[PDB]
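Peer 1:
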Amino acid sequence: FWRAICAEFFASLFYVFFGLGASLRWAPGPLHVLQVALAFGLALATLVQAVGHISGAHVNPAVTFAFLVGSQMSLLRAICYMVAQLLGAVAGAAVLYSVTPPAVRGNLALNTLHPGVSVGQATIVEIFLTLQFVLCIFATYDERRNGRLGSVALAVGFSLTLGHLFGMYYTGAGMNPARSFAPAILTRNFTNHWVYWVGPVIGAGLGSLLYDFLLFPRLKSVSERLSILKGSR
Amino acid sequence: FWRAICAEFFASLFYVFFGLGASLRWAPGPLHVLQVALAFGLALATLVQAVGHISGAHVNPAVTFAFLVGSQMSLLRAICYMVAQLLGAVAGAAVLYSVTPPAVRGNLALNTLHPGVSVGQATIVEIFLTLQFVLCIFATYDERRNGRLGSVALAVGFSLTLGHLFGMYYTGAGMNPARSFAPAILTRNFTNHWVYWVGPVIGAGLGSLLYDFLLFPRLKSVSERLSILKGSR
Amino acid sequence: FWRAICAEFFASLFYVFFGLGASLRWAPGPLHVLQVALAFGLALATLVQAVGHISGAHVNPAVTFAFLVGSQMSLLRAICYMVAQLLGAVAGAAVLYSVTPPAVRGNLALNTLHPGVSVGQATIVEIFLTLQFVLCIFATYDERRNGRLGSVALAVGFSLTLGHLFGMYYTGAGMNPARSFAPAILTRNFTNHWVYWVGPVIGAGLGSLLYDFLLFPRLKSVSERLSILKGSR
Amino acid sequence: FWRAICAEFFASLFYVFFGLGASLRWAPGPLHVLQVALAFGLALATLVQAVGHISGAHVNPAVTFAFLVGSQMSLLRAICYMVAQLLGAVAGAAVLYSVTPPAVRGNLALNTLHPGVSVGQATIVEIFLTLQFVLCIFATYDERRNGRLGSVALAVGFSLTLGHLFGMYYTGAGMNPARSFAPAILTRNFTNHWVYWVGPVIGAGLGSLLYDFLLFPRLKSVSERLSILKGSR
Amino acid sequence: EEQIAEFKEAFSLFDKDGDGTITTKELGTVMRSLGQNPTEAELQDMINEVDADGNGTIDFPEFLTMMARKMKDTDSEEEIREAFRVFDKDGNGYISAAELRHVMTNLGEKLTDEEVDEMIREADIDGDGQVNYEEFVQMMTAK
Amino acid sequence: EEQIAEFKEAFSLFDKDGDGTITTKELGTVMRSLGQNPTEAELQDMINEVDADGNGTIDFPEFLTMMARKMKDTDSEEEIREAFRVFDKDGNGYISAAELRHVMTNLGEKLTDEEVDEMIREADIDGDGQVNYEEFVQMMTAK
Ligand SMILES: [Ca+2]
Ligand SMILES: [Ca+2]
Ligand SMILES: [Ca+2]
Ligand SMILES: [Ca+2]
Ligand SMILES: [Ca+2]
Ligand SMILES: [Ca+2]
Ligand SMILES: [Ca+2]
Ligand SMILES: [Ca+2]
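Protein chains in written order, with my numbering: chain A, 1 to 233; chain B, 1 to 233; chain C, 1 to 233; chain D, 1 to 233; chain E, 1 to 143; chain F, 1 to 143.
1. Mind listing, in chain order, the residues whose beta carbon lies closer than 7 Å to a non-hydrogen atom of ligand 1?
2. Alpha carbon to alpha carbon, how far is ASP19 of chain F from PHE60 of chain F? Give it in angstroms, no decimals.
3. Residues of chain B with CB closer than 7 Å to the CB of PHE128 of chain A, please, in chain order.
4. Ligand 3 and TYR133 of chain E: does any heavy atom of the ligand fall closer than 8 Å to the residue's C-beta?
5. Can you say whether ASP88 of chain F is buried or exposed, counting buried as having 16 or more other CB atoms within 10 angstroms of its CB?
6. Mind checking whether the beta-carbon of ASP126 of chain F lies closer than 8 Å to any heavy atom of ligand 3?
7. Can you look up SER71 of chain A in the DSSP assignment and give me helix, strand or coil?
8. Got a sec: which bits of the region 146–168 of chain B sit with their beta carbon under 7 Å from any beta carbon on chain A, in order along the chain?
9. Please enumerate, following chain order, all residues with a beta carbon closer than 6 Å to at least one heavy atom belonging to ligand 2.
10. Between which two residues does the alpha helix (DSSP H) containing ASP212 of chain B stretch?
11. Between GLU134 of chain F and the rest of its own chain, which residues show a CB-CB distance below 8 Å, the 5 nearest in sequence each way excluded?
12. Which whole-angstrom value describes the C-beta separation of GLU8 of chain B and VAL59 of chain B, a residue pair presumed to lie in contact below a C-beta threshold of 8 Å?
13. Taking 9 Å as the CB-CB cut-off, is residue 234 of chain B touching chain A?
14. Pull up the DSSP beta-bridge partners for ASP59 of chain F, would you.
15. Could you confirm whether any beta carbon from chain C is found closer than 9 Å to the beta carbon of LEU229 of chain A?
16. What does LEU42 of chain A touch in chain C if you count any residue whose Cβ is under 7 Å from its own?
17. List the endpoints of the continuous alpha helix (DSSP H) containing residue 248 of chain C.
18. Do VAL222 of chain C and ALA153 of chain C have their C-beta atoms closer together than 9 Å?
19. Thinking just about the alpha-carbon of each residue, which of F:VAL103, F:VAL131 and F:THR141 is nearest to the one in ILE95 of chain F?
20. If we call anything under 9 Å between Cβ atoms a contact, is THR187 of chain A one with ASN107 of chain A?
21. So the candidates are A:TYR97, A:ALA109, A:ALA78 and A:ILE202; which of them puts its Cα closest to the Cα of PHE133 of chain A?
22. Give me whichever residues DSSP pairs with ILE95 of chain F in a beta bridge.
23. Is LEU76 of chain C close to chain F, meaning its C-beta is less than 9 Å from at least one C-beta of that chain?
24. What in chain C is Cβ-close to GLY21 of chain D, meaning under 7 Å?
25. At the level of alpha carbons, what is the spacing between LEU38 of chain C and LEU226 of chain D?
26. Should the region 106–121 of chain B be called in touch with the region 169–179 of chain B, which here means at least 3 C-beta pairs below 8 Å?
27. Is it right to say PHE136 of chain E is buried, meaning 16 or more other beta carbons lie within 10 angstroms of its own, or is it exposed?
28. Can you list, in chain order, the residues of its chain whose CB lies under 8 Å from that of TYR141 of chain B, leaving out five sequence neighbours each side?
29. Taking C-beta to C-beta, are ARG3 of chain C and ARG218 of chain B nearer than 9 Å?
30. Does any residue of chain F bring its CB to less than 9 Å from the CB of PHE213 of chain C?
31. Counting only Cβ-Cβ distances shorter than 8 Å, please list the residues of the region 86–113 of chain D near chain B, keeping chain order.
32. So with Cβ pairs under 9 Å, would you call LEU31 of chain A a contact of chain C?
33. Given a limit of 9 Å on CB to CB distance, which residues of the region 26–38 of chain F reach chain C?
34. If you draw a straight line from the alpha carbon of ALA103 of chain A to that of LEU113 of chain D, how long is it in whole angstroms?
35. So, helix, strand or coil for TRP26 of chain B, using DSSP?
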């Protein structure tokens, strides 16, 4: 349980460290977006391969929340996961700052809304981004399906990439409270930050819902859970 | 059956929402194409992972049509699928419009022909695009093959990406009536729209045919199974 | 056997049609290369998924040659495969020409050497390109290995992409006689064409050699061959 | 054992040949990075598919070192592997030089630090790059996990791509002593070269440690196996 | 008569509430006090997999049916011993750690001995490295 | 005595060259006349999988060992009938098309009946849809 917590901590540090790091600079969006979308996507696919078998590789409070309301983890693990993810992100952002030249640092890729995008619109965008994202996670993590899944780590990563390919122009694509938080608390700037917690969380909730439950073919959700009684009985 | 209909509805909304959304703006084609090609491809790969096990993830009237003439679904499911896909697309395009700033809205990525491309040429292009696409879907969905397929969701998605990498310069790449329809009915512009129903539909029909009316091997395949039988004697 | 010949014919038409089509235009190389490299790669990955289980998806004389000297196909199939691939390519190039606006047609993406690259250097480049390519094909097609291969269609496709990411600046990356031939015979331009047959062929030969044989760790190449006697005895 | 040594030799030649070759030129970083990141990533994914089953496809002294301190290979193999990788790289760089036009040769993509990046910061960057890289290798090579891994060759390759997407701006991303060495010894320039041995080596060491000197679970894992046992009773 | 006291307190530990049944609702309470909040539906599925009434209410004797007979079929102690012999390749009253890994790997799960060792010497009475009948019941009835 | 003429001409068809042996070299010639050019090494592997001498020279009687006894062990006609009973789940002298697909799918190859049907009514004598003993030998000895 504590190995998984460490997994979530290191994966979040790496995720944020590489995601933010690859986002430093500018552009109008053209190749900037493609590159940042791929960096985050590949950072996730990499980390999900790295620690997915150890903790499920949530590296995202919204994703963990999704799994909580989905009743796949305890209220205890969830909170520890989010704690590990939040400190993990901050550290990665920190280590990133320490090794990156100023001028290039900018606002450490702080998630930001586009001037012509209202915070309400931006929150709906963040919701759809996280919704398709979580939906892909639930469907691909689902033990009750496919032998033609290929790598679920890549699927999930490419889902994240998709979220960025679309979302960056609108909100820089948060899809992850922890990833938005890290840049926020280190630059002392929480302008519109509410968008980056609310959207993913609601989107994550809708995805978990839209998909759920581990009903009605059931079966390994039942046997994975009779052993959770036998280890407690 | 109704879960699958909902799958096709949500997947089409997401597909169109993210595909169109990532297509907003301009360019000559250079990185614009790469980015939009990837967005659609990854949107599909994502959705095929998300609901492929639930409805087959058609999210495309032409693809559903392909499966109909291929005799893999009932005339009833097909129509319900297309209905769900058409309303699904329109909704995604709608929700997209609602959260996107004007000026950036353009014509909501309405499929459009290139000035130097005749509607006849454009229809042949759309046919080849959908043909290789459907062919990839049939071959990868085919239960009678491969254990080295990897993710069929990605295969299909990358097939869609390929269609865009080539087609966008010609017709903006429709490959999906529903995806072309959505932008059309919301911008009240059906100029050349016939191309985006006819090409995919014919291409989808040719792919379904080319694959199952090739008809199947047989004899090298049989000797490859007697080989595994004496590989056990 | 004739289904496979048709597979090789259609796959070569599609391969060339989409590869050449996505290569029309210019650039210095920057995003042009990335895009064309991906188009060919994804065209192959798509086609290998589409007809790989039916004919092995060679869609490349050099690849078929590789399999011949590798003793995995008969002298009869090889020639029929190459015939199908050559006519297949020409047709795709033809159909491409017919639907593409002039001015954009250029020289139909004819493989061409870079001014500062000697034909000898260009031939060595084409050799290395095809060598890593064929090596990837042999290793991934090899039944004697991996359960962690993922999609061999993508592997092969990405190998082709790699060949382009590197080679396009030098020779436009041929890696396939048929793909070079098609643009050649339709534009009546065989300047340096020898490079595009010799390099891939030698590279293909070296790859087949470098890898070979189907001993060690033997077994299934003996079993997949005793039934080639039993179907002939 | 000697086949594997040859594998490491050829894979390193190919790896460096294609990686360096695709890196020749300039840019600010925009599409240059994306392209070079993909080239290296796909070169690795290709080579890991090509010889991963034969030698484990280390093609990287730091990776081999990682496996040594991880106690998965003998001190003898490791050294032979690194010897093969170093000569392999030099050869690929050599053959690359021989077929590449001057002016384009530059410094043969010699790993280089960014002016505003201290050698200490650059070494920490190289450490994180190699750390996530090795961590992905260990996790994906680990026989004790996943049936949803997909291609581990691609995972590893995309991890390398991620390292480049982030690192190139800082250090050109070495992540591989042999790959840094080759350009170094042929251009007679070892300025800051220490960074490219120390970072990867330490990062590789930390990854090997972080993964196996995490130490392993136990109890949740056991409960998830008693789950499949009562899933059969 | 020590089994009649052990099969009292190994039920009393879960029936603090006196009514003489383990219900799906208290399978929710124990998990809620342990800081979870399950789905409620898949408490019925895991219990009706054994439940003789189909009822989701596992009374004083039916809890001992659930741990020592493991079916809906009155005296399945011999069906526990033939369910041992489906896993064995001899039938010596004892399921080896190796025999458990044989039948698990027969479903294609390519796993290790070290994550079955932790679920034999969680309760192993004779130390031997196989699992006897009374050990198997007590390895689901720790007290 | 019709089997003694059938087991003459079903060898004569491959021994046009008179020396009384089917060799690895003529396994190369027949494939070369049919417009192939095999590797030569894996002619030894496929034959020493059965060859009683280990030799790569399958003389007049040893060719009938290779088609009717199928081991290096003198009178394996009963080992053909127990190799039928490894594939059967009854042993009635007859391997069903269904029993062949059962044992093939037991290795995890999830295939179809239609690509075993193309290799039973290639020689099926009684039409029935199973494979008897003399049918199995003649389905490797077509003449
Ligand atoms: Ca009670
Ligand atoms: Ca009761
Ligand atoms: Ca036993
Ligand atoms: Ca014991
Ligand atoms: Ca003779
Ligand atoms: Ca003899
Ligand atoms: Ca039978
Ligand atoms: Ca019969």
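The beta-carbon is built from N, C-alpha and C at its ideal position, and this holds for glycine as well.
Peer 2: Here's the rundown:
1. E:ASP15, E:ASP17, E:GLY18, E:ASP19, E:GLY20, E:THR21, E:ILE22, E:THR23 and E:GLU26
2. 9 Å
3. Going along chain B in sequence order, the residues near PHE128 of chain A (Cβ under 7 Å) are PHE17.
4. no
5. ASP88 of chain F comes out buried.
6. no
7. Three-state DSSP puts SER71 of chain A in coil, outside helix and strand.
8. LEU149, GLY150, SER151, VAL152, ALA153 and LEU154
9. E:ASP53, E:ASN55, E:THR57, E:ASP59 and E:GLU62
10. 195–212
11. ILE125
12. Going by Cβ atoms, the distance from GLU8 of chain B to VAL59 of chain B rounds to 6 Å, so yes, they are a contact pair.
13. Since the displayed chain B opens at 1 and closes at 233, residue 234 of chain B lies outside it and no answer follows.
14. Note: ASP59 of chain F sits in a beta bridge opposite F:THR21.
15. no
16. Going along chain C, no residue has its Cβ under 7 Å from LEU42 of chain A, so there is no contact; the nearest lies around 14 Å.
17. Lying outside 1 to 233, the shown extent of chain C, residue 248 of chain C is not represented and no answer is given.
18. In this structure, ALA153 of chain C does not lie closer than 9 Å to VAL222 of chain C by Cβ.
19. F:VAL131
20. At a Cβ-Cβ threshold of 9 Å, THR187 of chain A and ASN107 of chain A count as neighbours.
21. A:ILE202
22. DSSP, once it has assigned bridges, lists F:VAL131 as partnering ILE95 of chain F.
23. yes
24. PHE166
25. Spanning the alpha carbons of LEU38 of chain C and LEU226 of chain D requires a straight line of approximately 46 Å.
26. yes
27. buried
28. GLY56 and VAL152
29. yes
30. yes
31. none
32. Flagged as an interface residue toward chain C: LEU31 of chain A, by a C-beta distance shorter than 9 Å.
33. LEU27, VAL30, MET31, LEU34, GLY35, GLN36, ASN37 and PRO38
34. 17 Å
35. If DSSP states are grouped into helix, strand and coil, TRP26 of chain B belongs with coil.
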